[PDB]
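Asker: Please find upload_22.cif (mmCIF, C-alpha atoms) on the next line:
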```
data_work
#
loop_
_atom_site.label_atom_id
_atom_site.label_comp_id
_atom_site.auth_asym_id
_atom_site.auth_seq_id
_atom_site.Cartn_x
_atom_site.Cartn_y
_atom_site.Cartn_z
CA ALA B 2 -15.00 -1.33 44.47
CA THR B 3 -11.86 0.11 42.87
CA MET B 4 -9.86 -0.88 39.82
CA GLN B 5 -6.27 -0.61 38.64
CA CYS B 6 -5.17 2.65 37.03
CA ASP B 7 -1.74 2.88 35.38
CA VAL B 8 -0.23 6.24 34.45
CA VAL B 9 2.60 5.21 32.12
CA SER B 10 4.77 7.28 29.81
CA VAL B 11 7.30 5.99 27.31
CA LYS B 12 10.16 6.69 29.72
CA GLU B 13 8.37 5.15 32.71
CA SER B 14 5.12 5.02 34.61
CA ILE B 15 3.88 7.88 36.77
CA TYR B 16 1.08 6.46 38.90
CA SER B 17 -0.33 3.01 39.51
CA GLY B 18 -2.98 1.57 41.80
CA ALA B 19 -6.58 0.46 42.07
CA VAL B 20 -9.05 3.35 41.95
CA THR B 21 -12.79 3.89 41.56
CA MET B 22 -13.25 7.33 39.95
CA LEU B 23 -11.40 9.14 37.16
CA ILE B 24 -11.80 12.43 35.29
CA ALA B 25 -10.33 12.68 31.80
CA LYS B 26 -10.57 15.06 28.85
CA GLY B 27 -11.19 12.94 25.78
CA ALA B 28 -10.64 13.87 22.16
CA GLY B 29 -14.39 14.22 22.03
CA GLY B 30 -16.39 13.84 25.21
CA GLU B 31 -15.19 14.45 28.71
CA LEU B 32 -15.21 11.14 30.54
CA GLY B 33 -15.83 9.94 34.08
CA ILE B 34 -14.58 6.44 34.82
CA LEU B 35 -15.78 3.83 37.31
CA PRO B 36 -14.77 0.20 37.91
CA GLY B 37 -16.41 -2.40 35.73
CA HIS B 38 -17.05 0.21 33.06
CA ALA B 39 -17.52 -0.94 29.49
CA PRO B 40 -14.19 -1.16 27.64
CA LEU B 41 -13.39 2.03 25.78
CA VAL B 42 -10.51 3.85 24.08
CA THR B 43 -10.06 7.44 22.97
CA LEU B 44 -7.56 10.26 22.51
CA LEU B 45 -7.03 12.75 25.33
CA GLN B 46 -6.74 16.52 25.51
CA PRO B 47 -3.33 17.77 26.69
CA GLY B 48 -4.68 18.79 30.09
CA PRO B 49 -4.69 17.77 33.74
CA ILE B 50 -6.30 14.58 35.01
CA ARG B 51 -8.15 14.02 38.28
CA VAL B 52 -8.55 10.55 39.79
CA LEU B 53 -10.53 9.82 42.95
CA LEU B 54 -9.69 7.10 45.43
CA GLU B 55 -12.18 5.82 48.00
CA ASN B 56 -10.21 7.46 50.83
CA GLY B 57 -11.89 10.81 50.29
CA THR B 58 -8.92 12.09 48.29
CA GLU B 59 -8.39 12.79 44.60
CA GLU B 60 -5.00 12.86 42.89
CA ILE B 61 -4.02 15.14 40.03
CA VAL B 62 -1.65 14.52 37.13
CA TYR B 63 -0.90 17.03 34.40
CA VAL B 64 -0.73 15.34 31.00
CA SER B 65 0.16 16.71 27.58
CA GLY B 66 -1.26 14.42 24.92
CA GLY B 67 -1.80 10.69 25.09
CA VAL B 68 -4.40 7.98 24.78
CA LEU B 69 -6.71 6.30 27.28
CA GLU B 70 -7.64 2.63 27.32
CA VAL B 71 -10.11 1.24 29.85
CA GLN B 72 -11.23 -2.26 30.79
CA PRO B 73 -13.78 -3.17 33.49
CA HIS B 74 -10.83 -4.05 35.71
CA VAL B 75 -7.71 -2.30 34.35
CA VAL B 76 -7.42 1.25 33.05
CA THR B 77 -4.28 2.99 31.88
CA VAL B 78 -3.05 6.02 29.98
CA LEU B 79 -0.24 5.89 27.45
CA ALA B 80 1.14 9.34 28.19
CA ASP B 81 2.68 11.47 25.48
CA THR B 82 4.01 13.49 28.41
CA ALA B 83 2.60 13.61 31.94
CA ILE B 84 3.80 14.80 35.34
CA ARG B 85 2.41 14.25 38.81
CA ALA B 86 1.21 17.82 39.13
CA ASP B 87 -1.74 20.13 39.72
CA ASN B 88 -1.34 22.51 36.79
CA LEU B 89 0.96 23.55 33.96
CA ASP B 90 2.46 25.97 36.50
CA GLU B 91 4.48 22.92 37.56
CA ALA B 92 6.41 23.35 34.30
CA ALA B 93 8.86 25.09 36.64
CA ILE B 94 9.48 21.58 38.02
CA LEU B 95 9.97 19.40 34.94
CA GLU B 96 12.73 21.70 33.74
CA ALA B 97 14.47 21.02 37.04
CA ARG B 98 15.10 17.40 36.10
CA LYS B 99 15.65 18.47 32.49
CA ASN B 100 18.53 20.79 33.36
CA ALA B 101 19.77 18.29 35.93
CA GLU B 102 20.24 15.67 33.23
CA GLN B 103 21.61 18.46 31.02
CA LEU B 104 24.24 19.24 33.65
CA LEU B 105 25.06 15.54 33.80
CA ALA B 106 25.44 15.53 30.02
CA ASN B 107 27.88 18.40 30.39
CA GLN B 108 29.68 16.53 33.16
CA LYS B 109 30.22 13.34 31.16
CA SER B 110 32.19 15.28 28.56
CA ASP B 111 33.87 17.52 31.14
CA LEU B 112 35.42 14.39 32.62
CA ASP B 113 35.69 12.08 29.61
CA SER B 114 37.79 14.21 27.29
CA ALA B 115 39.58 15.90 30.19
CA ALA B 116 40.57 12.60 31.77
CA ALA B 117 40.99 10.25 28.83
CA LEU B 118 42.12 12.43 25.95
CA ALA B 119 44.62 14.40 28.03
CA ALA B 120 46.43 11.73 30.04
CA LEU B 121 46.52 9.30 27.13
CA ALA B 122 47.88 12.16 25.03
CA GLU B 123 50.86 12.70 27.31
CA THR B 124 51.42 8.95 27.64
CA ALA B 125 52.87 8.07 24.24
CA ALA B 126 54.24 11.58 23.76
CA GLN B 127 57.93 11.54 24.70
CA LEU B 128 58.50 7.79 24.93
CA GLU B 129 60.52 7.64 21.71
CA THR B 130 63.69 9.27 23.04
CA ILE B 131 63.78 6.48 25.63
CA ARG B 132 63.19 3.56 23.29
CA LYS B 133 65.99 4.82 21.06
CA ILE B 134 68.57 5.06 23.87
CA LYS B 135 67.94 1.58 25.29
CA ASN B 136 71.29 -0.12 24.73
CA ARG B 137 73.35 3.00 25.49
CA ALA B 138 76.83 2.10 26.71
CA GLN B 139 77.86 5.76 27.00
CA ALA T 2 71.16 10.13 31.45
CA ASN T 3 68.10 12.06 32.58
CA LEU T 4 66.86 9.24 34.76
CA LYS T 5 64.63 11.43 36.93
CA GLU T 6 62.55 12.29 33.88
CA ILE T 7 62.17 8.58 33.19
CA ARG T 8 60.91 8.05 36.73
CA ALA T 9 58.52 10.96 36.24
CA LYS T 10 57.21 9.34 33.06
CA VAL T 11 56.65 6.16 35.06
CA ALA T 12 54.73 8.07 37.71
CA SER T 13 52.58 9.79 35.09
CA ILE T 14 51.75 6.42 33.57
CA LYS T 15 50.81 5.09 37.00
CA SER T 16 48.48 8.05 37.48
CA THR T 17 46.96 7.47 34.06
CA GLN T 18 46.39 3.85 35.03
CA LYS T 19 44.47 4.84 38.14
CA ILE T 20 42.46 7.31 36.09
CA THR T 21 41.56 4.54 33.66
CA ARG T 22 40.49 2.43 36.62
CA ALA T 23 38.16 5.25 37.65
CA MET T 24 36.91 5.46 34.07
CA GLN T 25 35.99 1.79 34.22
CA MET T 26 34.12 2.09 37.51
CA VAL T 27 32.15 5.13 36.36
CA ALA T 28 31.32 3.31 33.15
CA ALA T 29 30.09 0.36 35.21
CA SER T 30 27.75 2.56 37.23
CA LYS T 31 26.43 4.16 34.05
CA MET T 32 25.98 0.70 32.54
CA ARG T 33 23.86 -0.43 35.45
CA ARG T 34 21.79 2.75 35.37
CA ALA T 35 21.05 2.47 31.65
CA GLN T 36 20.45 -1.27 31.97
CA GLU T 37 17.78 -0.39 34.50
CA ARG T 38 16.48 2.29 32.14
CA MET T 39 15.79 -0.22 29.38
CA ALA T 40 13.23 -2.27 31.30
CA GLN T 41 10.96 0.67 32.13
CA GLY T 42 9.95 1.11 28.50
CA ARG T 43 8.39 -2.34 28.19
CA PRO T 44 4.79 -1.94 29.43
CA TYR T 45 4.11 1.02 27.16
CA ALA T 46 4.91 -0.91 23.99
CA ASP T 47 3.41 -4.09 25.43
CA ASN T 48 -0.05 -2.69 26.10
CA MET T 49 0.07 -0.54 22.99
CA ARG T 50 0.81 -3.47 20.70
CA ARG T 51 -1.95 -5.32 22.53
CA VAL T 52 -4.51 -2.63 21.76
CA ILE T 53 -3.30 -2.15 18.19
CA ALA T 54 -3.71 -5.87 17.61
CA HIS T 55 -7.17 -5.69 19.19
CA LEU T 56 -7.97 -2.88 16.76
CA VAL T 57 -6.72 -4.62 13.63
CA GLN T 58 -8.41 -7.89 14.56
CA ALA T 59 -11.52 -5.81 15.16
CA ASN T 60 -10.99 -3.88 11.90
CA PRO T 61 -9.34 -5.87 9.11
CA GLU T 62 -11.41 -4.03 6.50
CA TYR T 63 -8.59 -1.61 5.63
CA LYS T 64 -4.94 -0.96 6.37
CA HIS T 65 -2.54 1.90 7.06
CA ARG T 66 0.23 3.37 4.94
CA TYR T 67 2.52 2.23 7.74
CA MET T 68 0.81 -1.17 7.59
CA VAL T 69 1.19 -1.46 3.81
CA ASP T 70 4.15 -2.42 1.65
CA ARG T 71 4.65 -1.17 -1.90
CA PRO T 72 7.77 -1.60 -4.06
CA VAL T 73 10.75 0.32 -2.75
CA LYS T 74 12.28 3.23 -4.65
CA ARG T 75 14.17 4.98 -1.85
CA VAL T 76 14.87 4.32 1.81
CA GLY T 77 15.53 6.39 4.91
CA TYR T 78 18.06 5.37 7.53
CA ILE T 79 18.41 6.35 11.17
CA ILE T 80 21.73 5.87 12.94
CA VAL T 81 22.49 6.64 16.58
CA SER T 82 26.03 7.29 17.79
CA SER T 83 27.79 8.94 20.70
CA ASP T 84 28.84 12.54 21.05
CA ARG T 85 32.34 11.38 22.06
CA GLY T 86 34.35 8.37 20.97
CA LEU T 87 36.78 6.11 22.88
CA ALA T 88 34.04 3.52 23.46
CA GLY T 89 35.35 0.51 21.57
CA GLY T 90 34.77 0.32 17.84
CA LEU T 91 30.99 0.36 18.02
CA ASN T 92 30.83 3.28 15.62
CA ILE T 93 33.43 1.55 13.45
CA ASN T 94 31.68 -1.76 12.85
CA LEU T 95 28.37 0.09 12.78
CA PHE T 96 29.64 2.16 9.87
CA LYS T 97 31.03 -0.93 8.18
CA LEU P 349 70.62 10.77 -3.84
CA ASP P 350 69.70 14.03 -5.49
CA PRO P 351 67.35 14.56 -8.43
CA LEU P 352 70.40 15.72 -10.38
CA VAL P 353 71.78 12.16 -10.41
CA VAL P 354 69.02 9.56 -10.11
CA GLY P 355 66.53 11.63 -12.06
CA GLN P 356 63.86 13.92 -10.64
CA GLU P 357 61.23 11.18 -10.69
CA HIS P 358 63.36 8.70 -8.76
CA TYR P 359 64.20 11.30 -6.13
CA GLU P 360 60.55 12.27 -5.76
CA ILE P 361 59.40 8.69 -5.29
CA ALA P 362 62.16 7.99 -2.80
CA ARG P 363 61.34 11.09 -0.79
CA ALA P 364 57.66 10.20 -0.76
CA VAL P 365 58.03 6.60 0.37
CA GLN P 366 60.59 7.65 2.96
CA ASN P 367 58.21 10.24 4.37
CA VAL P 368 55.40 7.69 4.51
CA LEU P 369 57.57 5.27 6.46
CA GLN P 370 58.70 8.07 8.76
CA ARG P 371 55.10 9.07 9.43
CA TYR P 372 54.10 5.50 10.22
CA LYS P 373 57.04 5.11 12.57
CA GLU P 374 55.89 8.11 14.59
CA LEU P 375 52.32 6.80 14.47
CA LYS P 376 53.35 3.34 15.63
CA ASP P 377 53.30 4.17 19.34
CA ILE P 378 49.72 5.36 19.67
CA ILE P 379 48.15 2.13 18.45
CA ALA P 380 50.12 0.42 21.19
CA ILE P 381 47.93 2.40 23.59
CA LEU P 382 44.74 2.98 21.61
CA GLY P 383 42.85 1.02 19.00
CA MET P 384 43.91 1.65 15.41
CA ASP P 385 40.30 2.62 14.70
CA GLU P 386 40.75 5.65 16.92
CA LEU P 387 42.80 7.09 14.12
CA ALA P 388 41.81 9.10 11.09
CA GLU P 389 41.04 7.24 7.88
CA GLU P 390 44.07 8.73 6.13
CA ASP P 391 46.12 7.38 9.02
CA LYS P 392 44.80 3.87 8.43
CA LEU P 393 45.65 4.21 4.75
CA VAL P 394 49.15 5.26 5.81
CA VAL P 395 49.49 2.26 8.12
CA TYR P 396 48.44 -0.22 5.46
CA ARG P 397 50.59 1.44 2.79
CA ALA P 398 53.71 1.34 4.94
CA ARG P 399 53.11 -2.23 6.06
CA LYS P 400 52.71 -3.42 2.48
CA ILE P 401 55.87 -1.51 1.56
CA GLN P 402 57.68 -3.43 4.28
CA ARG P 403 56.29 -6.67 2.87
CA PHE P 404 57.48 -5.68 -0.59
CA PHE P 405 61.04 -5.07 0.58
CA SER P 406 61.54 -8.78 1.28
CA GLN P 407 63.51 -9.95 -1.76
CA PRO P 408 64.39 -13.63 -2.29
CA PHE P 409 68.03 -14.16 -3.19
CA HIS P 410 69.85 -16.85 -5.13
CA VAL P 411 71.95 -17.57 -2.04
CA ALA P 412 69.07 -17.77 0.43
CA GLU P 413 67.71 -20.91 -1.23
CA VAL P 414 69.99 -22.88 1.08
CA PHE P 415 67.96 -21.48 3.97
CA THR P 416 64.58 -21.95 2.27
CA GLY P 417 64.82 -23.13 -1.34
CA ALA P 418 63.22 -20.37 -3.39
CA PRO P 419 65.10 -18.62 -6.21
CA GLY P 420 66.29 -15.04 -6.05
CA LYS P 421 65.05 -12.00 -7.92
CA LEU P 422 67.12 -9.42 -9.80
CA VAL P 423 64.49 -6.73 -10.29
CA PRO P 424 65.30 -3.99 -12.81
CA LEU P 425 65.02 -0.51 -11.36
CA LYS P 426 62.28 0.38 -13.84
CA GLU P 427 59.98 -2.29 -12.45
CA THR P 428 60.78 -1.19 -8.90
CA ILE P 429 59.97 2.45 -9.58
CA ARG P 430 56.80 1.58 -11.50
CA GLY P 431 55.57 -0.65 -8.70
CA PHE P 432 56.26 1.95 -6.03
CA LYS P 433 54.59 4.73 -7.99
CA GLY P 434 51.54 2.51 -8.38
CA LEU P 435 51.57 1.62 -4.69
CA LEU P 436 51.83 5.24 -3.61
CA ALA P 437 49.18 5.79 -6.24
CA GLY P 438 47.14 3.41 -4.09
CA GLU P 439 46.30 1.23 -7.08
CA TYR P 440 46.54 -1.77 -4.78
CA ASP P 441 44.83 -0.73 -1.56
CA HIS P 442 42.60 -3.78 -1.90
CA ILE P 443 45.43 -6.35 -1.92
CA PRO P 444 46.36 -8.58 1.04
CA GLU P 445 49.70 -7.63 2.54
CA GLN P 446 51.13 -11.13 2.13
CA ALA P 447 50.95 -10.75 -1.65
CA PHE P 448 53.99 -8.48 -1.32
CA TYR P 449 56.19 -10.72 0.82
CA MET P 450 59.36 -12.32 -0.55
CA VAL P 451 58.29 -11.63 -4.13
CA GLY P 452 59.78 -10.10 -7.26
CA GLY P 453 58.06 -7.37 -9.23
CA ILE P 454 54.64 -5.78 -8.90
CA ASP P 455 53.41 -8.22 -11.53
CA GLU P 456 54.46 -11.03 -9.22
CA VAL P 457 52.60 -9.24 -6.43
CA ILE P 458 49.42 -9.31 -8.49
CA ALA P 459 50.03 -12.94 -9.40
CA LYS P 460 50.44 -13.79 -5.72
CA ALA P 461 47.31 -11.88 -4.75
CA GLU P 462 45.31 -13.75 -7.36
CA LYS P 463 46.87 -17.01 -6.18
CA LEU P 464 45.58 -15.92 -2.79
#
```
Step by step, read the file and then write its structure as structure tokens.

Answerer:
Amino acid sequence: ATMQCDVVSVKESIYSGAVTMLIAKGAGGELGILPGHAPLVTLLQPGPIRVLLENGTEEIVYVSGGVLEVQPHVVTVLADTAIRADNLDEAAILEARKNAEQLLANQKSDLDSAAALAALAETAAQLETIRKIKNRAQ
Amino acid sequence: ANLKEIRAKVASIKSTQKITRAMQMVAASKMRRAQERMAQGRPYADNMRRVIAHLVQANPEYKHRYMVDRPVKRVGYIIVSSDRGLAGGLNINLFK
Amino acid sequence: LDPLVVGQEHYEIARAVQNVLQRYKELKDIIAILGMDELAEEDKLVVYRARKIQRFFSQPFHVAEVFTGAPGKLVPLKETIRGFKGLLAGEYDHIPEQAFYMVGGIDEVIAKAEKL
């Protein structure tokens, strides 16, 4: 059969589903994983991971650091940093979202100060000359 | 008197009001996005505490420097604040 | 009101307190729009100083007892100037504002604050 595999990072998960084969680079031994396997834990090399479904296809995820826990029915990786990817060449892709969120971080200021600080600055600016001439009879 | 300037001041204030309304709506969207963002971090810590507990219950023979407590001489403190203000007095009461 | 008449010290203190009140008066509008916390710390000091000054100006009078009942105060100028120098020295920036209201001298302010 197959068994649940959960590719989770601190920010979020990456992949989930029930699978029957896995390839992983442990701190020590390289490991192949199959459902029902004896429970095990170990540290993982910062390399790519291959996981094989029963549909004749095998996924790839590129991981940098992290730990692997396995149970005979659930397996997961706590990813230091992982990306659904074939190779570190896909680093050209993670920076895309990185700079996207960077641009958003620029945008939040580019609006916040520009909108709030400015308009609110002109608001109370010249009001005094009005409040002083309220009861003017001439 | 210069009444037209007064009317202009009124119009500027109206515009500022609409801009504040936009501020509020954008803040609401950001609130919902971040509120979503919180929940995604659960399973990591959940499973990881689970396995750490499994470890310590499997190995109570020793402890970790982060598991131990000796008398305190000095402390370190970590505070998180915005890059820009205007968001209530969260920094204020935090500092207090 | 020149230092050549009231004495240099008196003129200096008067100028200083006047400038503080002036500053606060300009500042007063912004807090109507923004929170007072959005101001610099010195600004908050200024606000509190001026407000307590205002409180201190309230002087009971021996005619006003008909309205309320309390006796008046004939404060000698020396006590006034000493109290204001100490206030603008900030020696009392830990005192509730109400300790300054409708009181006599600075000593009475301290007595009130302790009675608080």

Asker: Since I can't run it myself right now, could you work out what the PyMOL selection byres ((chain B) within 12 of (chain T)) selects here and report it as a PDB file with C-alpha atoms, keeping the file's coordinate frame?

Answerer:
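As a result, out-v2.pdb now contains:
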```
ATOM      1  CA  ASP B   7      -1.740   2.880  35.380  1.00  0.00           C
ATOM      2  CA  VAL B   8      -0.230   6.240  34.450  1.00  0.00           C
ATOM      3  CA  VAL B   9       2.600   5.210  32.120  1.00  0.00           C
ATOM      4  CA  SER B  10       4.770   7.280  29.810  1.00  0.00           C
ATOM      5  CA  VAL B  11       7.300   5.990  27.310  1.00  0.00           C
ATOM      6  CA  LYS B  12      10.160   6.690  29.720  1.00  0.00           C
ATOM      7  CA  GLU B  13       8.370   5.150  32.710  1.00  0.00           C
ATOM      8  CA  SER B  14       5.120   5.020  34.610  1.00  0.00           C
ATOM      9  CA  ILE B  15       3.880   7.880  36.770  1.00  0.00           C
ATOM     10  CA  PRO B  40     -14.190  -1.160  27.640  1.00  0.00           C
ATOM     11  CA  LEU B  41     -13.390   2.030  25.780  1.00  0.00           C
ATOM     12  CA  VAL B  42     -10.510   3.850  24.080  1.00  0.00           C
ATOM     13  CA  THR B  43     -10.060   7.440  22.970  1.00  0.00           C
ATOM     14  CA  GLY B  67      -1.800  10.690  25.090  1.00  0.00           C
ATOM     15  CA  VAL B  68      -4.400   7.980  24.780  1.00  0.00           C
ATOM     16  CA  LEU B  69      -6.710   6.300  27.280  1.00  0.00           C
ATOM     17  CA  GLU B  70      -7.640   2.630  27.320  1.00  0.00           C
ATOM     18  CA  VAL B  71     -10.110   1.240  29.850  1.00  0.00           C
ATOM     19  CA  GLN B  72     -11.230  -2.260  30.790  1.00  0.00           C
ATOM     20  CA  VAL B  75      -7.710  -2.300  34.350  1.00  0.00           C
ATOM     21  CA  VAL B  76      -7.420   1.250  33.050  1.00  0.00           C
ATOM     22  CA  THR B  77      -4.280   2.990  31.880  1.00  0.00           C
ATOM     23  CA  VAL B  78      -3.050   6.020  29.980  1.00  0.00           C
ATOM     24  CA  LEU B  79      -0.240   5.890  27.450  1.00  0.00           C
ATOM     25  CA  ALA B  80       1.140   9.340  28.190  1.00  0.00           C
ATOM     26  CA  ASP B  81       2.680  11.470  25.480  1.00  0.00           C
ATOM     27  CA  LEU B 105      25.060  15.540  33.800  1.00  0.00           C
ATOM     28  CA  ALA B 106      25.440  15.530  30.020  1.00  0.00           C
ATOM     29  CA  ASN B 107      27.880  18.400  30.390  1.00  0.00           C
ATOM     30  CA  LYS B 109      30.220  13.340  31.160  1.00  0.00           C
ATOM     31  CA  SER B 110      32.190  15.280  28.560  1.00  0.00           C
ATOM     32  CA  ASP B 111      33.870  17.520  31.140  1.00  0.00           C
ATOM     33  CA  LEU B 112      35.420  14.390  32.620  1.00  0.00           C
ATOM     34  CA  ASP B 113      35.690  12.080  29.610  1.00  0.00           C
ATOM     35  CA  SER B 114      37.790  14.210  27.290  1.00  0.00           C
ATOM     36  CA  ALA B 115      39.580  15.900  30.190  1.00  0.00           C
ATOM     37  CA  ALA B 116      40.570  12.600  31.770  1.00  0.00           C
ATOM     38  CA  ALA B 117      40.990  10.250  28.830  1.00  0.00           C
ATOM     39  CA  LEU B 118      42.120  12.430  25.950  1.00  0.00           C
ATOM     40  CA  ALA B 119      44.620  14.400  28.030  1.00  0.00           C
ATOM     41  CA  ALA B 120      46.430  11.730  30.040  1.00  0.00           C
ATOM     42  CA  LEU B 121      46.520   9.300  27.130  1.00  0.00           C
ATOM     43  CA  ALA B 122      47.880  12.160  25.030  1.00  0.00           C
ATOM     44  CA  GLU B 123      50.860  12.700  27.310  1.00  0.00           C
ATOM     45  CA  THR B 124      51.420   8.950  27.640  1.00  0.00           C
ATOM     46  CA  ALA B 125      52.870   8.070  24.240  1.00  0.00           C
ATOM     47  CA  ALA B 126      54.240  11.580  23.760  1.00  0.00           C
ATOM     48  CA  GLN B 127      57.930  11.540  24.700  1.00  0.00           C
ATOM     49  CA  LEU B 128      58.500   7.790  24.930  1.00  0.00           C
ATOM     50  CA  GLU B 129      60.520   7.640  21.710  1.00  0.00           C
ATOM     51  CA  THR B 130      63.690   9.270  23.040  1.00  0.00           C
ATOM     52  CA  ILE B 131      63.780   6.480  25.630  1.00  0.00           C
ATOM     53  CA  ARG B 132      63.190   3.560  23.290  1.00  0.00           C
ATOM     54  CA  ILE B 134      68.570   5.060  23.870  1.00  0.00           C
ATOM     55  CA  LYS B 135      67.940   1.580  25.290  1.00  0.00           C
ATOM     56  CA  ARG B 137      73.350   3.000  25.490  1.00  0.00           C
ATOM     57  CA  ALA B 138      76.830   2.100  26.710  1.00  0.00           C
ATOM     58  CA  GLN B 139      77.860   5.760  27.000  1.00  0.00           C
TER      59      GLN B 139
END
```

Asker: Running the PyMOL selection byres ((chain P) within 8 of (chain B)) on this model by hand, what would come out? Give it as a list in words.

Answerer: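 This file gives the following for the PyMOL selection byres ((chain P) within 8 of (chain B)): residues 377, 378 and 381 of chain P.
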
Asker: Write a file of the selected residues as a CSV table (one decimal), keeping the file's coordinate frame, keeping C-alpha atoms.

Answerer:
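The resulting result10.csv:
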```
chain,number,residue,atom,x,y,z
P,377,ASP,CA,53.3,4.2,19.3
P,378,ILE,CA,49.7,5.4,19.7
P,381,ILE,CA,47.9,2.4,23.6
```

Asker: Write out as a tab-separated table a residue-level contact list of chain T versus chain P with cut-off 8 Å: for each qualifying residue the closest pair of atoms and the distance in Å to one decimal, counting all atoms listed in the file, rows sorted by chain and residue number upward.

Answerer:
```
residue	atom	partner	partner_atom	distance
T:87	CA	P:386	CA	7.2
T:89	CA	P:383	CA	7.9
T:90	CA	P:385	CA	6.8
T:93	CA	P:385	CA	7.1
```

Asker: List the residues matched by the PyMOL selection byres ((chain B and resi 26) around 10) in the displayed structure as a ChimeraX atom specification, ordered by chain and then by residue number.

Answerer: /B:24-25,27-33,43-51,69

Asker: What's the separation between CA of residue 357 in chain P and CA of residue 388 in chain P, in Å to one decimal place?

Answerer: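 A separation of 29.3 Å between them.
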
Asker: As an exercise, work out the distance from CA of residue 365 in chain P to CA of residue 431 in chain P in Å and give it to one decimal place.

Answerer: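 Distance reported for this atom pair: 11.9 Å.
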
Asker: Would you mind listing what lies within 12 Å of range 76-80 of chain T as an MDAnalysis selection string, with only C-alpha atoms counted and same-chain residues fewer than 5 positions away left out?

Answerer: chainID T and resid 91:92 95:96

Asker: Measuring atom to atom with all atoms listed in the file, identify which of B:61, B:22, B:95, B:54 is nearest to residue 82 in chain B.

Answerer: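 Smallest distance to residue 82 in chain B is found for B:95.
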